$ cat final_0.pdb   # PDB, C-alpha atoms
MODEL        1
ATOM      1  CA  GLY P   1       5.733 -97.279 -37.075  1.00  0.00           C
ATOM      2  CA  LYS P   2       7.617 -95.149 -39.578  1.00  0.00           C
ATOM      3  CA  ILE P   3       7.769 -98.132 -41.966  1.00  0.00           C
ATOM      4  CA  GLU P   4       3.951 -98.437 -41.707  1.00  0.00           C
ATOM      5  CA  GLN P   5       3.542 -94.752 -42.519  1.00  0.00           C
ATOM      6  CA  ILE P   6       5.811 -94.855 -45.598  1.00  0.00           C
ATOM      7  CA  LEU P   7       4.009 -98.019 -46.732  1.00  0.00           C
ATOM      8  CA  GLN P   8       0.644 -96.305 -46.335  1.00  0.00           C
ATOM      9  CA  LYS P   9       1.850 -93.412 -48.492  1.00  0.00           C
ATOM     10  CA  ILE P  10       3.126 -95.868 -51.122  1.00  0.00           C
ATOM     11  CA  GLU P  11      -0.275 -97.609 -51.088  1.00  0.00           C
ATOM     12  CA  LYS P  12      -2.109 -94.356 -51.792  1.00  0.00           C
ATOM     13  CA  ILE P  13       0.198 -93.372 -54.641  1.00  0.00           C
ATOM     14  CA  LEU P  14      -0.310 -96.808 -56.202  1.00  0.00           C
ATOM     15  CA  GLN P  15      -4.067 -96.444 -55.883  1.00  0.00           C
ATOM     16  CA  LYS P  16      -3.820 -93.083 -57.650  1.00  0.00           C
ATOM     17  CA  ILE P  17      -1.747 -94.698 -60.382  1.00  0.00           C
ATOM     18  CA  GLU P  18      -4.333 -97.488 -60.814  1.00  0.00           C
ATOM     19  CA  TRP P  19      -7.083 -94.879 -61.164  1.00  0.00           C
ATOM     20  CA  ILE P  20      -5.210 -93.005 -63.875  1.00  0.00           C
ATOM     21  CA  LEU P  21      -4.606 -96.264 -65.791  1.00  0.00           C
ATOM     22  CA  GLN P  22      -8.345 -97.009 -65.531  1.00  0.00           C
ATOM     23  CA  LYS P  23      -9.005 -93.631 -67.148  1.00  0.00           C
ATOM     24  CA  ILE P  24      -6.428 -94.268 -69.872  1.00  0.00           C
ATOM     25  CA  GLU P  25      -8.029 -97.666 -70.619  1.00  0.00           C
ATOM     26  CA  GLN P  26     -11.427 -95.947 -71.004  1.00  0.00           C
ATOM     27  CA  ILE P  27      -9.980 -93.265 -73.316  1.00  0.00           C
ATOM     28  CA  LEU P  28      -8.333 -95.974 -75.433  1.00  0.00           C
ATOM     29  CA  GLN P  29     -11.605 -97.937 -75.675  1.00  0.00           C
ATOM     30  CA  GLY P  30     -13.422 -94.915 -77.109  1.00  0.00           C
TER      31      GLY P  30
ATOM     32  CA  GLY C   1       0.819-107.470 -38.498  1.00  0.00           C
ATOM     33  CA  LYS C   2      -0.097-104.044 -39.864  1.00  0.00           C
ATOM     34  CA  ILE C   3       2.944-104.030 -42.180  1.00  0.00           C
ATOM     35  CA  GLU C   4       1.756-107.336 -43.701  1.00  0.00           C
ATOM     36  CA  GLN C   5      -1.768-105.982 -44.242  1.00  0.00           C
ATOM     37  CA  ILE C   6      -0.548-102.875 -46.025  1.00  0.00           C
ATOM     38  CA  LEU C   7       1.840-104.925 -48.156  1.00  0.00           C
ATOM     39  CA  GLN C   8      -1.057-107.216 -49.149  1.00  0.00           C
ATOM     40  CA  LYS C   9      -3.119-104.216 -50.161  1.00  0.00           C
ATOM     41  CA  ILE C  10      -0.126-103.015 -52.163  1.00  0.00           C
ATOM     42  CA  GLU C  11       0.156-106.448 -53.804  1.00  0.00           C
ATOM     43  CA  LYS C  12      -3.523-106.367 -54.798  1.00  0.00           C
ATOM     44  CA  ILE C  13      -3.264-102.879 -56.298  1.00  0.00           C
ATOM     45  CA  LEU C  14      -0.298-103.991 -58.440  1.00  0.00           C
ATOM     46  CA  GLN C  15      -2.196-107.097 -59.628  1.00  0.00           C
ATOM     47  CA  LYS C  16      -4.918-104.761 -60.821  1.00  0.00           C
ATOM     48  CA  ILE C  17      -2.395-102.445 -62.448  1.00  0.00           C
ATOM     49  CA  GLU C  18      -0.840-105.420 -64.258  1.00  0.00           C
ATOM     50  CA  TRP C  19      -4.295-106.553 -65.372  1.00  0.00           C
ATOM     51  CA  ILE C  20      -5.364-103.152 -66.763  1.00  0.00           C
ATOM     52  CA  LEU C  21      -1.997-102.891 -68.492  1.00  0.00           C
ATOM     53  CA  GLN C  22      -2.579-106.299 -70.145  1.00  0.00           C
ATOM     54  CA  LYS C  23      -5.862-104.887 -71.478  1.00  0.00           C
ATOM     55  CA  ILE C  24      -4.163-101.671 -72.656  1.00  0.00           C
ATOM     56  CA  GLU C  25      -1.529-103.770 -74.435  1.00  0.00           C
ATOM     57  CA  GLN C  26      -4.259-105.764 -76.246  1.00  0.00           C
ATOM     58  CA  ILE C  27      -6.063-102.591 -77.337  1.00  0.00           C
ATOM     59  CA  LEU C  28      -2.906-101.044 -78.831  1.00  0.00           C
ATOM     60  CA  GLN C  29      -1.791-104.358 -80.362  1.00  0.00           C
ATOM     61  CA  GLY C  30      -4.942-104.757 -82.457  1.00  0.00           C
TER      62      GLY C  30
ATOM     63  CA  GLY K   1      16.868 -97.666 -40.720  1.00  0.00           C
ATOM     64  CA  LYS K   2      18.018 -98.767 -44.158  1.00  0.00           C
ATOM     65  CA  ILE K   3      14.544-100.252 -44.835  1.00  0.00           C
ATOM     66  CA  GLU K   4      12.981 -96.836 -44.185  1.00  0.00           C
ATOM     67  CA  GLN K   5      15.451 -95.203 -46.560  1.00  0.00           C
ATOM     68  CA  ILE K   6      14.802 -97.658 -49.371  1.00  0.00           C
ATOM     69  CA  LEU K   7      11.047 -97.286 -48.850  1.00  0.00           C
ATOM     70  CA  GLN K   8      11.417 -93.516 -49.037  1.00  0.00           C
ATOM     71  CA  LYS K   9      13.199 -93.770 -52.404  1.00  0.00           C
ATOM     72  CA  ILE K  10      10.445 -96.092 -53.668  1.00  0.00           C
ATOM     73  CA  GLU K  11       7.863 -93.563 -52.559  1.00  0.00           C
ATOM     74  CA  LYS K  12       9.678 -90.833 -54.527  1.00  0.00           C
ATOM     75  CA  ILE K  13       9.936 -92.910 -57.687  1.00  0.00           C
ATOM     76  CA  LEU K  14       6.230 -93.766 -57.442  1.00  0.00           C
ATOM     77  CA  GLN K  15       5.376 -90.076 -57.126  1.00  0.00           C
ATOM     78  CA  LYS K  16       7.372 -89.417 -60.306  1.00  0.00           C
ATOM     79  CA  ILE K  17       5.539 -92.255 -62.078  1.00  0.00           C
ATOM     80  CA  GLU K  18       2.124 -90.971 -61.027  1.00  0.00           C
ATOM     81  CA  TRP K  19       3.063 -87.502 -62.311  1.00  0.00           C
ATOM     82  CA  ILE K  20       4.145 -88.733 -65.734  1.00  0.00           C
ATOM     83  CA  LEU K  21       0.964 -90.809 -65.961  1.00  0.00           C
ATOM     84  CA  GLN K  22      -1.197 -87.762 -65.143  1.00  0.00           C
ATOM     85  CA  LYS K  23       0.448 -86.027 -68.070  1.00  0.00           C
ATOM     86  CA  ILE K  24      -0.056 -89.010 -70.394  1.00  0.00           C
ATOM     87  CA  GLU K  25      -3.744 -89.105 -69.506  1.00  0.00           C
ATOM     88  CA  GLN K  26      -3.969 -85.373 -70.234  1.00  0.00           C
ATOM     89  CA  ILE K  27      -2.410 -85.919 -73.665  1.00  0.00           C
ATOM     90  CA  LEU K  28      -4.741 -88.831 -74.487  1.00  0.00           C
ATOM     91  CA  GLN K  29      -7.833 -87.003 -73.229  1.00  0.00           C
ATOM     92  CA  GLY K  30      -7.311 -84.047 -75.572  1.00  0.00           C
TER      93      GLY K  30
ATOM     94  CA  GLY O   1       8.733-114.741 -43.268  1.00  0.00           C
ATOM     95  CA  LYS O   2       5.328-113.636 -44.539  1.00  0.00           C
ATOM     96  CA  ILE O   3       6.662-110.125 -45.228  1.00  0.00           C
ATOM     97  CA  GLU O   4       9.466-111.523 -47.401  1.00  0.00           C
ATOM     98  CA  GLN O   5       6.924-113.624 -49.284  1.00  0.00           C
ATOM     99  CA  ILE O   6       4.626-110.721 -50.090  1.00  0.00           C
ATOM    100  CA  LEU O   7       7.603-108.566 -51.148  1.00  0.00           C
ATOM    101  CA  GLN O   8       8.796-111.293 -53.545  1.00  0.00           C
ATOM    102  CA  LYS O   9       5.290-111.443 -55.009  1.00  0.00           C
ATOM    103  CA  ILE O  10       5.357-107.674 -55.363  1.00  0.00           C
ATOM    104  CA  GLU O  11       8.749-107.899 -57.086  1.00  0.00           C
ATOM    105  CA  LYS O  12       7.426-110.452 -59.588  1.00  0.00           C
ATOM    106  CA  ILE O  13       4.362-108.403 -60.421  1.00  0.00           C
ATOM    107  CA  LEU O  14       6.527-105.329 -61.047  1.00  0.00           C
ATOM    108  CA  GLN O  15       8.779-107.405 -63.360  1.00  0.00           C
ATOM    109  CA  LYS O  16       5.694-108.329 -65.405  1.00  0.00           C
ATOM    110  CA  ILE O  17       4.507-104.726 -65.433  1.00  0.00           C
ATOM    111  CA  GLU O  18       7.905-103.561 -66.664  1.00  0.00           C
ATOM    112  CA  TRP O  19       7.768-106.117 -69.493  1.00  0.00           C
ATOM    113  CA  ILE O  20       4.252-105.097 -70.608  1.00  0.00           C
ATOM    114  CA  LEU O  21       5.458-101.460 -70.617  1.00  0.00           C
ATOM    115  CA  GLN O  22       8.461-102.297 -72.828  1.00  0.00           C
ATOM    116  CA  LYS O  23       6.126-103.851 -75.377  1.00  0.00           C
ATOM    117  CA  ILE O  24       3.789-100.838 -75.193  1.00  0.00           C
ATOM    118  CA  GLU O  25       6.790 -98.542 -75.708  1.00  0.00           C
ATOM    119  CA  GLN O  26       7.667-100.574 -78.819  1.00  0.00           C
ATOM    120  CA  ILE O  27       4.094-100.588 -80.169  1.00  0.00           C
ATOM    121  CA  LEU O  28       3.866 -96.814 -79.771  1.00  0.00           C
ATOM    122  CA  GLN O  29       6.837 -96.354 -82.155  1.00  0.00           C
ATOM    123  CA  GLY O  30       5.119 -98.583 -84.706  1.00  0.00           C
TER     124      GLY O  30
ATOM    125  CA  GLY Y   1      18.727-108.660 -44.621  1.00  0.00           C
ATOM    126  CA  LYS Y   2      16.714-110.437 -47.306  1.00  0.00           C
ATOM    127  CA  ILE Y   3      13.970-107.810 -46.931  1.00  0.00           C
ATOM    128  CA  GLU Y   4      16.456-105.029 -47.719  1.00  0.00           C
ATOM    129  CA  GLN Y   5      17.677-106.958 -50.755  1.00  0.00           C
ATOM    130  CA  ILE Y   6      14.149-107.503 -52.060  1.00  0.00           C
ATOM    131  CA  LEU Y   7      13.241-103.831 -51.559  1.00  0.00           C
ATOM    132  CA  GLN Y   8      16.367-102.731 -53.449  1.00  0.00           C
ATOM    133  CA  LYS Y   9      15.336-104.962 -56.388  1.00  0.00           C
ATOM    134  CA  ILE Y  10      11.844-103.422 -56.302  1.00  0.00           C
ATOM    135  CA  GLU Y  11      13.388 -99.929 -56.284  1.00  0.00           C
ATOM    136  CA  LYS Y  12      15.489-100.896 -59.315  1.00  0.00           C
ATOM    137  CA  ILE Y  13      12.505-102.201 -61.337  1.00  0.00           C
ATOM    138  CA  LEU Y  14      10.556 -99.035 -60.469  1.00  0.00           C
ATOM    139  CA  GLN Y  15      13.511 -97.000 -61.781  1.00  0.00           C
ATOM    140  CA  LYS Y  16      13.338 -99.027 -65.012  1.00  0.00           C
ATOM    141  CA  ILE Y  17       9.550 -98.505 -65.173  1.00  0.00           C
ATOM    142  CA  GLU Y  18       9.975 -94.741 -64.740  1.00  0.00           C
ATOM    143  CA  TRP Y  19      12.441 -94.538 -67.648  1.00  0.00           C
ATOM    144  CA  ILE Y  20      10.122 -96.454 -69.946  1.00  0.00           C
ATOM    145  CA  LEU Y  21       7.252 -94.161 -68.928  1.00  0.00           C
ATOM    146  CA  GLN Y  22       9.398 -91.126 -69.671  1.00  0.00           C
ATOM    147  CA  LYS Y  23      10.039 -92.452 -73.177  1.00  0.00           C
ATOM    148  CA  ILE Y  24       6.356 -93.258 -73.714  1.00  0.00           C
ATOM    149  CA  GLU Y  25       5.354 -89.789 -72.609  1.00  0.00           C
ATOM    150  CA  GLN Y  26       7.848 -88.276 -75.056  1.00  0.00           C
ATOM    151  CA  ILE Y  27       6.568 -90.476 -77.888  1.00  0.00           C
ATOM    152  CA  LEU Y  28       3.000 -89.309 -77.152  1.00  0.00           C
ATOM    153  CA  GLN Y  29       3.742 -85.612 -76.715  1.00  0.00           C
ATOM    154  CA  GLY Y  30       5.786 -85.236 -79.909  1.00  0.00           C
TER     155      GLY Y  30
ENDMDL
END
$ encode --input "final_0.pdb" --output "structure tokens"
Amino acid sequence: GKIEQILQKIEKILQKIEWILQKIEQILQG
Amino acid sequence: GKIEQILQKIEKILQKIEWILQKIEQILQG
Amino acid sequence: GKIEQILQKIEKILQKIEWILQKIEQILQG
Amino acid sequence: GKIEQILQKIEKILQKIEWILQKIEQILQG
Amino acid sequence: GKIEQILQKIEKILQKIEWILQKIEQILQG
């Protein structure tokens, strides 16, 4: 259960990272 | 079962991160 | 037990990565 | 078994991400 | 056992990724 919880936190941090990269890619395009 | 599902979501987020990064690399490269 | 500990270190490194990325985005945005 | 397989896929994607980032680091200094 | 080994490799690549990102951030901020 504790492994699932740490993995869920890792998942959310990675999603946040992907969102920032998306923003960077837009900035770079313009 | 839940661990596998979270891991697969994590895998898919990283694939997307790699893909955006490939695009960022192309932008900077030319 | 050891799996939880390794996952917890991975979580911490990812938080550091997300933080640096937030700052990079801020630099690029301005 | 499936968990190991997804983790090895995750490892390989991170290796590719690291490589793209090295090239970006190099491009940024000319 | 193999799972622990794979996670420790992932942790190591993430450490490498963080260092590159630190350099990139410094290149951009300067």
$ calpha_fit_rmsd --input "final_0.pdb" --fixed "chain C" --moving "chain K"
0.2 Å
$ residues_around --input "final_0.pdb" --residues "stretch 15-26 of chain O" --least-positions-apart "2" --cutoff "7 Å" --atoms "only C-alpha atoms" --output "ChimeraX atom specification"
/C:18,21-22,25 /O:11-13,28-30 /Y:13,17,20,24
$ write_last_selection --input "final_0.pdb" --atoms "C-alpha atoms" --output "mmCIF file, keeping the file's coordinate frame"
data_model
loop_
_atom_site.group_PDB
_atom_site.id
_atom_site.type_symbol
_atom_site.label_atom_id
_atom_site.label_comp_id
_atom_site.auth_asym_id
_atom_site.auth_seq_id
_atom_site.Cartn_x
_atom_site.Cartn_y
_atom_site.Cartn_z
ATOM 1 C CA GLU C 18 -0.840 -105.420 -64.258
ATOM 2 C CA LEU C 21 -1.997 -102.891 -68.492
ATOM 3 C CA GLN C 22 -2.579 -106.299 -70.145
ATOM 4 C CA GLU C 25 -1.529 -103.770 -74.435
ATOM 5 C CA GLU O 11 8.749 -107.899 -57.086
ATOM 6 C CA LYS O 12 7.426 -110.452 -59.588
ATOM 7 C CA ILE O 13 4.362 -108.403 -60.421
ATOM 8 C CA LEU O 28 3.866 -96.814 -79.771
ATOM 9 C CA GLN O 29 6.837 -96.354 -82.155
ATOM 10 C CA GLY O 30 5.119 -98.583 -84.706
ATOM 11 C CA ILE Y 13 12.505 -102.201 -61.337
ATOM 12 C CA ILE Y 17 9.550 -98.505 -65.173
ATOM 13 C CA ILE Y 20 10.122 -96.454 -69.946
ATOM 14 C CA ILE Y 24 6.356 -93.258 -73.714
#
$ atom_distance --input "final_0.pdb" --atom1 "atom CA of residue Y:7" --atom2 "atom CA of residue K:4"
10.2 Å
$ residues_around --input "final_0.pdb" --residues "residue P:1" --least-positions-apart "3" --cutoff "12 Å" --atoms "all atoms listed in the file" --output "PyMOL selection string"
(chain P and resi 4-8) or (chain C and resi 1-3) or (chain K and resi 1+4)
$ atom_distance --input "final_0.pdb" --atom1 "atom CA of residue K:14" --atom2 "atom CA of residue O:27"
23.8 Å
$ axis_aligned_box --input "final_0.pdb" --around "stretch 15-28 of chain K" --padding-each-side "4 Å" --output "AutoDock Vina command-line options"
--center_x 1.3 --center_y -88.8 --center_z -65.8 --size_x 20.1 --size_y 14.9 --size_z 25.4
